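# Provided hereafter are the protein sequence and its experimental coordinates.
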4 protein chains.
Amino acid sequence: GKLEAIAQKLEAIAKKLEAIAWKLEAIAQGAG
Amino acid sequence: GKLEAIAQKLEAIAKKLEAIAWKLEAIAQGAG
Amino acid sequence: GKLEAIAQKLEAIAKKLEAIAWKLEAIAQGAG
Amino acid sequence: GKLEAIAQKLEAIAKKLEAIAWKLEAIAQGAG
């Protein structure tokens, strides 16, 4: 049924979290 | 400060979500 | 800077995960 | 089967994200 569709939404959310992680690391690292 | 540490926790959470996604796909796919 | 904005995106993601949790529970519970 | 258990793990993850959101807001707000 919907389980595979739900899984793909979770993967998309995981990618958003990774992007936010990298955003935070960049805020920490500044101009270097 | 703590931003890089927070980022790593978010990456760990992202990996948990990916694992759950694959778990759900496996429930859907059964014995094949 | 952007930290409060990032926080609100994380809260929005948390709400998406809660919605998915309830969706999965509903798939499990069927017509009752 | 496992769907309700998976849902509870997703809810726990959502709560971790909310905690991180509030942590980031606190970093932004400082001593006030």
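Here it is on my side, so go on. Numbers count the residues shown, from 1 in each chain, chains lettered A, B, ... in the order given.

# close to chain D: what parts of chain A are there?
By the rule CB under 8 Å from any CB of the partner chain, no part of chain A lies against chain D. Any C-beta I mention is one placed from the backbone N, CA and C, and that applies to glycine too.

# would you mind listing what in chain A touches chain B?
Within reach of chain B by CB under 8 Å from any CB, chain A has these residues: A:1, A:3-4, A:6-8, A:10-11, A:13-15, A:17-18, A:20-22, A:24-25, A:27-28.

# mind running it again at 7 Å?
By CB under 7 Å from any CB of the partner chain, the residues of chain A that approach chain B are A:3-4, A:6-7, A:10-11, A:13-14, A:17-18, A:20-21, A:24-25, A:27-28.

# among the residues you listed, which are in strands?
Nothing among the residues of chain A next to chain B maps onto strands, per DSSP state E.

# closest to residue D:32 among those residues?
The shortest approach to residue D:32 among the residues of chain A next to chain B belongs to residue A:27, at 20.7 Å (CB to CB).

# follow-up on the earlier one: of the residues of chain A next to chain B, just the buried ones, ChimeraX syntax please.
Selection of buried members from the residues of chain A next to chain B for ChimeraX, criterion 16 or more other CB atoms under 10 Å in any protein chain shown:
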select /A:3,6,7,10,11,13,14,17,18,20,21,24,25
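
# next step: the residues of chain A next to chain B restricted to helices.
Those of those mapping onto helices are A:3-4, A:6-7, A:10-11, A:13-14, A:17-18, A:20-21, A:24-25, A:27-28, per DSSP state H.

# residue B:32: which of these is nearest?
Nearest to residue B:32, judged by CB to CB, of these is residue A:4 at 13.4 Å.

# who's in contact with that closest one?
Counting by CB atoms under 7 Å, 6 or more residues apart in numbering or on different chains, residue A:4 touches B:25, B:28.

# do residue A:12 as well
If you count contacts by CB under 7 Å, 6+ apart, residue A:12 has none.

# what do you get for the one 10 residues further on?
By CB under 7 Å, 6+ apart, the contact list for residue A:22 is empty.
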